[PDB]
$ cat query-v7.cif   # mmCIF, C-alpha atoms and all ligand atoms
data_work
#
loop_
_atom_site.label_atom_id
_atom_site.label_comp_id
_atom_site.auth_asym_id
_atom_site.auth_seq_id
_atom_site.Cartn_x
_atom_site.Cartn_y
_atom_site.Cartn_z
CA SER A 1 29.35 -2.71 -13.15
CA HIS A 2 28.12 0.37 -11.25
CA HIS A 3 28.19 1.86 -7.75
CA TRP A 4 24.43 1.43 -7.41
CA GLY A 5 22.86 -1.90 -6.53
CA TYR A 6 20.31 -3.57 -4.30
CA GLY A 7 22.12 -3.86 -0.96
CA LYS A 8 21.75 -1.91 2.29
CA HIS A 9 24.50 0.52 1.37
CA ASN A 10 23.82 1.00 -2.36
CA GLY A 11 20.17 0.03 -2.83
CA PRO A 12 17.01 1.88 -3.82
CA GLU A 13 16.94 4.18 -0.77
CA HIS A 14 20.36 5.52 -1.84
CA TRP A 15 19.74 5.99 -5.58
CA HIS A 16 18.36 9.52 -5.28
CA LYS A 17 21.83 10.92 -4.38
CA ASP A 18 23.27 10.16 -7.83
CA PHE A 19 19.88 10.14 -9.64
CA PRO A 20 17.64 12.85 -8.09
CA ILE A 21 14.79 11.93 -10.47
CA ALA A 22 14.34 8.94 -8.11
CA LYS A 23 12.02 11.29 -6.16
CA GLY A 24 10.25 12.50 -9.34
CA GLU A 25 6.64 12.79 -10.35
CA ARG A 26 6.39 9.66 -12.56
CA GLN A 27 8.56 6.94 -10.96
CA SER A 28 8.10 3.21 -11.28
CA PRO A 29 7.14 0.66 -10.11
CA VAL A 30 3.81 1.38 -8.43
CA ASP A 31 1.15 -0.54 -6.59
CA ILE A 32 -1.78 -1.20 -8.94
CA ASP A 33 -4.94 -0.74 -6.90
CA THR A 34 -7.41 -2.73 -9.00
CA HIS A 35 -10.36 -0.83 -7.46
CA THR A 36 -9.06 2.62 -8.45
CA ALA A 37 -7.89 1.72 -11.97
CA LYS A 38 -10.36 2.93 -14.59
CA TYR A 39 -11.55 0.80 -17.52
CA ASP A 40 -10.72 2.91 -20.60
CA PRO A 41 -12.98 1.94 -23.57
CA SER A 42 -10.89 4.10 -25.92
CA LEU A 43 -7.68 2.03 -25.57
CA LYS A 44 -7.00 0.48 -29.01
CA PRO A 45 -6.32 -3.31 -29.11
CA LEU A 46 -2.80 -4.29 -28.03
CA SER A 47 -0.60 -5.87 -30.72
CA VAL A 48 2.39 -7.98 -29.69
CA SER A 49 4.09 -8.93 -32.98
CA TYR A 50 7.07 -11.16 -32.11
CA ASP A 51 7.00 -13.72 -34.95
CA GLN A 52 10.22 -12.35 -36.55
CA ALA A 53 12.13 -11.75 -33.31
CA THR A 54 15.90 -12.26 -33.60
CA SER A 55 17.55 -12.92 -30.22
CA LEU A 56 21.33 -12.38 -30.04
CA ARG A 57 22.97 -12.81 -26.62
CA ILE A 58 22.23 -13.51 -22.96
CA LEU A 59 24.22 -11.41 -20.47
CA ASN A 60 24.66 -10.99 -16.73
CA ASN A 61 24.85 -7.19 -16.36
CA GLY A 62 25.47 -7.21 -12.57
CA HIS A 63 21.85 -6.18 -11.79
CA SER A 64 19.79 -8.78 -13.73
CA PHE A 65 20.31 -11.02 -16.72
CA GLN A 66 19.04 -9.90 -20.10
CA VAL A 67 18.34 -11.42 -23.49
CA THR A 68 19.13 -8.96 -26.30
CA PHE A 69 17.42 -8.70 -29.69
CA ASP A 70 18.36 -7.24 -33.08
CA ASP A 71 16.45 -3.94 -33.19
CA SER A 72 17.94 -2.69 -36.52
CA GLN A 73 14.52 -3.28 -38.24
CA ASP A 74 10.83 -3.81 -37.26
CA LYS A 75 11.26 -7.50 -36.33
CA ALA A 76 9.61 -7.76 -32.92
CA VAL A 77 7.30 -4.85 -32.16
CA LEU A 78 4.62 -3.67 -29.78
CA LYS A 79 1.80 -1.43 -31.10
CA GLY A 80 -1.73 -0.46 -30.10
CA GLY A 81 -3.15 -0.20 -26.62
CA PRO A 82 -2.06 3.17 -25.19
CA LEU A 83 0.80 3.47 -27.70
CA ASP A 84 1.06 5.80 -30.66
CA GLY A 85 3.29 4.33 -33.35
CA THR A 86 5.68 1.38 -33.26
CA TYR A 87 7.95 0.24 -30.44
CA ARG A 88 10.79 -2.20 -31.11
CA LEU A 89 11.87 -4.95 -28.70
CA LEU A 90 15.51 -4.44 -27.58
CA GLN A 91 15.82 -6.78 -24.61
CA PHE A 92 14.08 -8.64 -21.84
CA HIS A 93 15.12 -9.18 -18.26
CA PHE A 94 13.76 -10.22 -14.90
CA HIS A 95 13.41 -9.14 -11.27
CA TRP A 96 13.07 -11.77 -8.56
CA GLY A 97 13.24 -12.47 -4.86
CA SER A 98 14.98 -14.58 -2.26
CA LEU A 99 11.61 -16.19 -1.35
CA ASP A 100 8.57 -16.96 -3.53
CA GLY A 101 6.47 -14.23 -1.83
CA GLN A 102 8.61 -11.33 -3.10
CA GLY A 103 10.47 -10.37 -6.26
CA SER A 104 8.07 -8.38 -8.39
CA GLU A 105 8.43 -4.64 -8.81
CA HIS A 106 4.78 -3.83 -9.54
CA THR A 107 2.30 -5.05 -6.96
CA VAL A 108 -1.44 -5.77 -7.39
CA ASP A 109 -3.52 -4.66 -4.41
CA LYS A 110 -0.16 -4.82 -2.52
CA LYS A 111 0.39 -8.45 -3.59
CA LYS A 112 4.00 -9.24 -4.55
CA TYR A 113 4.77 -11.99 -7.07
CA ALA A 114 7.86 -14.21 -7.14
CA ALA A 115 9.29 -12.41 -10.13
CA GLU A 116 8.53 -9.98 -12.95
CA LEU A 117 9.52 -10.15 -16.62
CA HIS A 118 10.18 -6.83 -18.42
CA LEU A 119 10.19 -6.73 -22.25
CA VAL A 120 11.78 -3.39 -23.10
CA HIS A 121 10.86 -1.56 -26.30
CA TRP A 122 11.69 1.86 -27.81
CA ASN A 123 9.66 4.23 -29.98
CA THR A 124 11.00 4.08 -33.54
CA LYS A 125 10.08 7.72 -34.20
CA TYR A 126 13.20 8.63 -32.20
CA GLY A 127 15.51 6.49 -34.34
CA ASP A 128 17.64 4.92 -31.60
CA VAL A 129 17.23 3.89 -27.98
CA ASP A 130 19.69 6.48 -26.70
CA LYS A 131 17.50 9.29 -28.11
CA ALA A 132 14.27 7.55 -27.09
CA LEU A 133 15.53 7.47 -23.47
CA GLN A 134 15.38 11.28 -23.39
CA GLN A 135 11.69 11.51 -24.41
CA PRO A 136 8.56 11.24 -22.27
CA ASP A 137 7.10 8.65 -24.71
CA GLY A 138 10.40 7.06 -25.68
CA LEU A 139 9.99 3.58 -24.18
CA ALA A 140 7.34 0.96 -23.51
CA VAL A 141 7.83 -1.92 -21.10
CA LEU A 142 5.56 -4.94 -21.18
CA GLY A 143 5.56 -6.35 -17.64
CA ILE A 144 4.50 -9.91 -16.86
CA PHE A 145 4.23 -11.38 -13.36
CA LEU A 146 5.64 -14.80 -12.49
CA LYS A 147 4.07 -17.06 -9.86
CA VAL A 148 5.45 -20.37 -8.66
CA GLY A 149 3.44 -23.42 -9.74
CA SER A 150 3.71 -25.40 -13.00
CA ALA A 151 6.84 -25.03 -15.17
CA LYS A 152 6.83 -22.63 -18.11
CA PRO A 153 8.25 -24.64 -21.05
CA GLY A 154 9.13 -21.51 -23.00
CA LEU A 155 11.38 -20.33 -20.12
CA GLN A 156 13.42 -23.52 -19.87
CA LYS A 157 15.95 -22.60 -22.61
CA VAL A 158 16.80 -19.50 -20.57
CA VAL A 159 17.10 -21.42 -17.30
CA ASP A 160 19.41 -23.96 -18.85
CA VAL A 161 22.09 -21.47 -19.94
CA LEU A 162 22.19 -19.46 -16.69
CA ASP A 163 25.12 -21.52 -15.34
CA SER A 164 27.18 -20.10 -18.25
CA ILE A 165 26.55 -16.46 -17.11
CA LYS A 166 26.89 -16.81 -13.34
CA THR A 167 28.86 -13.57 -12.70
CA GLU A 168 28.73 -9.96 -13.90
CA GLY A 169 30.05 -9.39 -17.44
CA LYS A 170 29.55 -12.97 -18.60
CA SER A 171 27.62 -13.42 -21.85
CA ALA A 172 26.72 -16.23 -24.23
CA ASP A 173 25.17 -16.82 -27.62
CA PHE A 174 21.40 -16.96 -27.36
CA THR A 175 20.05 -17.11 -30.89
CA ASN A 176 16.69 -18.48 -32.07
CA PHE A 177 14.88 -17.82 -28.76
CA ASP A 178 11.14 -17.19 -29.21
CA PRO A 179 9.79 -14.67 -26.68
CA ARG A 180 6.19 -15.62 -27.60
CA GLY A 181 6.77 -18.61 -25.27
CA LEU A 182 6.89 -16.23 -22.26
CA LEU A 183 3.41 -14.68 -22.72
CA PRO A 184 0.22 -15.66 -20.84
CA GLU A 185 -3.01 -16.42 -22.72
CA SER A 186 -4.62 -13.05 -22.08
CA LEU A 187 -3.31 -9.63 -23.07
CA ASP A 188 -5.62 -7.84 -20.59
CA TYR A 189 -3.51 -5.10 -19.01
CA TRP A 190 -3.11 -2.07 -16.87
CA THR A 191 -1.21 0.98 -18.18
CA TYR A 192 0.28 4.11 -16.65
CA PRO A 193 3.12 6.64 -17.40
CA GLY A 194 6.26 5.87 -15.42
CA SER A 195 10.01 5.37 -15.49
CA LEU A 196 12.85 2.91 -15.71
CA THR A 197 13.04 1.00 -12.41
CA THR A 198 16.85 1.08 -12.41
CA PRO A 199 19.21 4.04 -12.71
CA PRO A 200 19.04 6.34 -14.59
CA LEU A 201 15.34 6.08 -13.62
CA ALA A 202 14.41 8.00 -16.79
CA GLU A 203 10.78 9.20 -16.89
CA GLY A 204 10.02 8.05 -20.41
CA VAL A 205 8.27 4.70 -20.05
CA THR A 206 4.71 3.75 -20.93
CA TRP A 207 4.10 0.76 -18.68
CA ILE A 208 1.86 -2.05 -19.87
CA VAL A 209 1.43 -4.63 -17.09
CA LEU A 210 -0.49 -7.81 -17.93
CA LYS A 211 -3.15 -8.94 -15.49
CA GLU A 212 -2.54 -12.66 -16.04
CA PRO A 213 0.69 -14.02 -14.45
CA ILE A 214 2.65 -16.83 -16.00
CA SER A 215 3.44 -19.85 -13.85
CA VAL A 216 7.04 -21.04 -13.50
CA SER A 217 8.29 -23.96 -11.46
CA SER A 218 10.16 -23.77 -8.16
CA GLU A 219 13.12 -25.38 -9.95
CA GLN A 220 13.09 -22.63 -12.62
CA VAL A 221 13.17 -19.73 -10.14
CA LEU A 222 15.73 -21.55 -7.94
CA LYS A 223 18.05 -21.37 -10.95
CA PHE A 224 17.63 -17.57 -11.11
CA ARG A 225 18.70 -17.36 -7.48
CA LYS A 226 22.04 -19.09 -8.16
CA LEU A 227 23.25 -16.10 -10.24
CA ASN A 228 25.70 -13.62 -8.73
CA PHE A 229 25.74 -9.83 -8.57
CA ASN A 230 29.52 -9.90 -8.32
CA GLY A 231 32.16 -10.46 -10.99
CA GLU A 232 34.25 -13.67 -11.10
CA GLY A 233 36.58 -13.87 -8.06
CA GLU A 234 34.90 -11.28 -5.80
CA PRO A 235 33.02 -12.37 -2.61
CA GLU A 236 29.93 -14.39 -3.62
CA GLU A 237 26.71 -12.35 -3.24
CA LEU A 238 23.64 -14.04 -4.68
CA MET A 239 21.63 -12.12 -7.31
CA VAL A 240 18.34 -12.12 -5.36
CA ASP A 241 15.96 -9.30 -4.42
CA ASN A 242 16.90 -7.19 -7.44
CA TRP A 243 13.61 -5.29 -7.29
CA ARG A 244 12.76 -1.67 -6.54
CA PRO A 245 9.77 -1.17 -4.21
CA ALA A 246 6.58 0.60 -5.21
CA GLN A 247 6.88 4.37 -5.55
CA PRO A 248 4.36 7.19 -4.95
CA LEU A 249 1.63 7.30 -7.58
CA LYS A 250 1.39 11.12 -7.29
CA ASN A 251 -0.80 12.68 -9.98
CA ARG A 252 -1.30 9.58 -12.12
CA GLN A 253 -4.20 7.40 -13.19
CA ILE A 254 -3.83 3.71 -13.93
CA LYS A 255 -6.06 2.61 -16.78
CA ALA A 256 -7.36 -0.90 -17.43
CA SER A 257 -7.98 -2.49 -20.85
CA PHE A 258 -10.71 -4.69 -19.37
CA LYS A 259 -13.77 -4.51 -17.14
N1 LIG B 301 20.11 -4.44 -30.08
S1 LIG B 301 21.45 -4.54 -29.24
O1 LIG B 301 22.45 -3.80 -29.99
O2 LIG B 301 21.86 -5.93 -29.06
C1 LIG B 301 21.39 -3.90 -27.72
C2 LIG B 301 20.44 -4.31 -26.78
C3 LIG B 301 20.37 -3.76 -25.49
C4 LIG B 301 21.27 -2.79 -25.07
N2 LIG B 301 21.31 -2.22 -23.83
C5 LIG B 301 20.52 -2.48 -22.72
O3 LIG B 301 19.63 -3.33 -22.80
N3 LIG B 301 20.81 -1.69 -21.64
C6 LIG B 301 20.13 -1.80 -20.40
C7 LIG B 301 20.36 -2.68 -19.35
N4 LIG B 301 19.29 -2.67 -18.46
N5 LIG B 301 18.36 -1.74 -19.03
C8 LIG B 301 17.11 -1.61 -18.44
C9 LIG B 301 16.93 -1.49 -17.06
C10 LIG B 301 15.66 -1.41 -16.44
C11 LIG B 301 14.46 -1.47 -17.16
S2 LIG B 301 12.91 -1.54 -16.51
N6 LIG B 301 12.92 -2.40 -15.15
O4 LIG B 301 12.11 -2.21 -17.45
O5 LIG B 301 12.53 -0.25 -16.12
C12 LIG B 301 14.68 -1.60 -18.52
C13 LIG B 301 15.92 -1.66 -19.13
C14 LIG B 301 18.79 -1.29 -20.23
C15 LIG B 301 18.09 -0.28 -21.05
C16 LIG B 301 17.71 -0.51 -22.35
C17 LIG B 301 17.05 0.52 -23.01
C18 LIG B 301 16.80 1.77 -22.38
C19 LIG B 301 17.26 1.95 -21.08
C20 LIG B 301 17.88 0.92 -20.41
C21 LIG B 301 22.25 -2.39 -26.00
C22 LIG B 301 22.30 -2.92 -27.29
ZN ZN B 302 13.01 -4.22 -15.20
#

$ encode --input "query-v7.cif" --output "structure tokens" --more "lines below"
Ligand SMILES: NS(=O)(=O)c1ccc(NC(=O)Nc2cnn(-c3ccc(S(N)(=O)=O)cc3)c2-c2ccccc2)cc1
Ligand SMILES: [Zn+2]
Amino acid sequence: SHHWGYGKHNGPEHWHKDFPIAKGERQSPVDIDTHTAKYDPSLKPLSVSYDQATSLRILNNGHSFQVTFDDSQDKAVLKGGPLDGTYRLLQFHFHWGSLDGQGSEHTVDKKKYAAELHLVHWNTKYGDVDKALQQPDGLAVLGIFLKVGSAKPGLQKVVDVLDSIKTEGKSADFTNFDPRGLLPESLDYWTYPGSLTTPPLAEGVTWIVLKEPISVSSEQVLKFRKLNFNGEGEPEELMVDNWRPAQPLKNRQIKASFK
């Protein structure tokens, strides 16, 4: 639980009072203008190595729900692309809307998607996530857009346990989940230096945003929208519209992995 949230009185336009870096030089998310982004032939191939991923728990944290992973060894890692070295998967979570036309944090030519998946990784050269959070290259987030259409079979195990974590602070066992089932076919991406999109809004994230969205069904996203921001026995306030709007690009260049 925190004072910050996504409502009128505690939402993104308020965050700068407790977290002044909200008005910083490298905030996220941003609008990705596909006609300004530069193809970068020097980007190395992107390597998503999730075959040994060990999921642990699923948790409603009051601002999203997250699936956590064992990051005590190199089990599920991201390498290559714009990254130097090895980044370990810690958790994934989502952002979504009240209607299918909004929910994503990144936008593409101002287009908003129904939701956005964030797979959060930290740079093993800093030894733990707490230390990585203080570095300009400490974190890498793989962002994947969700559109409503056909169901995503690899999401259904998540959807089916959400009624066990309805309110803030609820958690459940979530072992043997394979995050490979959440990925689109293509790893074509855009990349730029940015920040966490929630407090503390730390400016230490390399963003990698895949061009290809995954499709999920209307029934799948409807189940996200039944979650609650509130803890058990407080007024019911649906967990919807837990996205930060696009921020000023300032002096940054978005690079593309593809022509
Ligand atoms: N491996 S483990 O022990 O089970 C484990 C597993 C995750 C955590 N903690 C955790 O995930 N904290 C937390 C909650 N939300 N966020 C968070 C929020 C926003 C973004 S976003 N939209 O991608 O910019 C990314 C991450 C985190 C977090 C995680 C790492 C660094 C900073 C924050 C602690 C322990
Ligand atoms: Zn996120």

$ residues_near_point --input "query-v7.cif" --point "(-5.7, 3.2, -23.9)" --cutoff "7 Å" --atoms "only C-alpha atoms" --output "VMD selection string"
chain A and resid 40 42 to 44 81 to 82 257

$ residues_around --input "query-v7.cif" --residues "residue A:191" --least-positions-apart "3" --cutoff "7 Å" --atoms "all atoms listed in the file" --output "PyMOL selection string"
chain A and resi 207-209+254-256

$ residues_around --input "query-v7.cif" --residues "stretch 7-21 of chain A" --least-positions-apart "2" --cutoff "9 Å" --atoms "all atoms listed in the file" --output "number ranges by chain"
A: 3-5, 23-27, 198-203, 241-245

$ atom_distance --input "query-v7.cif" --atom1 "atom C19 of ligand LIG 301 (chain B)" --atom2 "atom CA of residue A:33"
26.5 Å

$ residues_around --input "query-v7.cif" --residues "residue A:187" --least-positions-apart "3" --cutoff "8 Å" --atoms "all atoms listed in the file" --output "PDB file with C-alpha atoms, in the frame of the given file"
ATOM      1  CA  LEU A  46      -2.800  -4.290 -28.030  1.00  0.00           C
ATOM      2  CA  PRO A 184       0.220 -15.660 -20.840  1.00  0.00           C
ATOM      3  CA  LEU A 210      -0.490  -7.810 -17.930  1.00  0.00           C
ATOM      4  CA  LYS A 211      -3.150  -8.940 -15.490  1.00  0.00           C
ATOM      5  CA  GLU A 212      -2.540 -12.660 -16.040  1.00  0.00           C
TER       6      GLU A 212
END

$ closest_residue --input "query-v7.cif" --among "A:148, A:141, A:28, A:196" --to "residue A:102" --atoms "only C-alpha atoms"
A:148

$ atom_distance --input "query-v7.cif" --atom1 "atom CA of residue A:51" --atom2 "atom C10 of ligand LIG 301 (chain B)"
23.9 Å

$ closest_residue --input "query-v7.cif" --among "A:120, A:146, A:239, A:139" --to "ligand ZN 302 (chain B)" --atoms "all atoms listed in the file"
A:120

$ residues_near_ligand --input "query-v7.cif" --ligand "ligand LIG 301 (chain B)" --cutoff "9 Å" --atoms "only C-alpha atoms and all ligand atoms" --output "PyMOL selection string"
chain A and resi 28-29+55-57+61+63-72+89-95+105+117-122+129-130+132-133+138-143+194-202+205+207+243-244

$ write_last_selection --input "query-v7.cif" --atoms "C-alpha atoms" --output "mmCIF file, in the coordinates of the input"
data_model
loop_
_atom_site.group_PDB
_atom_site.id
_atom_site.type_symbol
_atom_site.label_atom_id
_atom_site.label_comp_id
_atom_site.auth_asym_id
_atom_site.auth_seq_id
_atom_site.Cartn_x
_atom_site.Cartn_y
_atom_site.Cartn_z
ATOM 1 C CA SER A 28 8.100 3.210 -11.280
ATOM 2 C CA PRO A 29 7.140 0.660 -10.110
ATOM 3 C CA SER A 55 17.550 -12.920 -30.220
ATOM 4 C CA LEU A 56 21.330 -12.380 -30.040
ATOM 5 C CA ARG A 57 22.970 -12.810 -26.620
ATOM 6 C CA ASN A 61 24.850 -7.190 -16.360
ATOM 7 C CA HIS A 63 21.850 -6.180 -11.790
ATOM 8 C CA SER A 64 19.790 -8.780 -13.730
ATOM 9 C CA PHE A 65 20.310 -11.020 -16.720
ATOM 10 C CA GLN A 66 19.040 -9.900 -20.100
ATOM 11 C CA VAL A 67 18.340 -11.420 -23.490
ATOM 12 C CA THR A 68 19.130 -8.960 -26.300
ATOM 13 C CA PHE A 69 17.420 -8.700 -29.690
ATOM 14 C CA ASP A 70 18.360 -7.240 -33.080
ATOM 15 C CA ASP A 71 16.450 -3.940 -33.190
ATOM 16 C CA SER A 72 17.940 -2.690 -36.520
ATOM 17 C CA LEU A 89 11.870 -4.950 -28.700
ATOM 18 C CA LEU A 90 15.510 -4.440 -27.580
ATOM 19 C CA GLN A 91 15.820 -6.780 -24.610
ATOM 20 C CA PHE A 92 14.080 -8.640 -21.840
ATOM 21 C CA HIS A 93 15.120 -9.180 -18.260
ATOM 22 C CA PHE A 94 13.760 -10.220 -14.900
ATOM 23 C CA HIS A 95 13.410 -9.140 -11.270
ATOM 24 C CA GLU A 105 8.430 -4.640 -8.810
ATOM 25 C CA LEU A 117 9.520 -10.150 -16.620
ATOM 26 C CA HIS A 118 10.180 -6.830 -18.420
ATOM 27 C CA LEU A 119 10.190 -6.730 -22.250
ATOM 28 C CA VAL A 120 11.780 -3.390 -23.100
ATOM 29 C CA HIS A 121 10.860 -1.560 -26.300
ATOM 30 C CA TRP A 122 11.690 1.860 -27.810
ATOM 31 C CA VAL A 129 17.230 3.890 -27.980
ATOM 32 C CA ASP A 130 19.690 6.480 -26.700
ATOM 33 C CA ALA A 132 14.270 7.550 -27.090
ATOM 34 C CA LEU A 133 15.530 7.470 -23.470
ATOM 35 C CA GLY A 138 10.400 7.060 -25.680
ATOM 36 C CA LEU A 139 9.990 3.580 -24.180
ATOM 37 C CA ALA A 140 7.340 0.960 -23.510
ATOM 38 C CA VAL A 141 7.830 -1.920 -21.100
ATOM 39 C CA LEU A 142 5.560 -4.940 -21.180
ATOM 40 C CA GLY A 143 5.560 -6.350 -17.640
ATOM 41 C CA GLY A 194 6.260 5.870 -15.420
ATOM 42 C CA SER A 195 10.010 5.370 -15.490
ATOM 43 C CA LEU A 196 12.850 2.910 -15.710
ATOM 44 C CA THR A 197 13.040 1.000 -12.410
ATOM 45 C CA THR A 198 16.850 1.080 -12.410
ATOM 46 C CA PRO A 199 19.210 4.040 -12.710
ATOM 47 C CA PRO A 200 19.040 6.340 -14.590
ATOM 48 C CA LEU A 201 15.340 6.080 -13.620
ATOM 49 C CA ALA A 202 14.410 8.000 -16.790
ATOM 50 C CA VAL A 205 8.270 4.700 -20.050
ATOM 51 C CA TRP A 207 4.100 0.760 -18.680
ATOM 52 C CA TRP A 243 13.610 -5.290 -7.290
ATOM 53 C CA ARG A 244 12.760 -1.670 -6.540
#
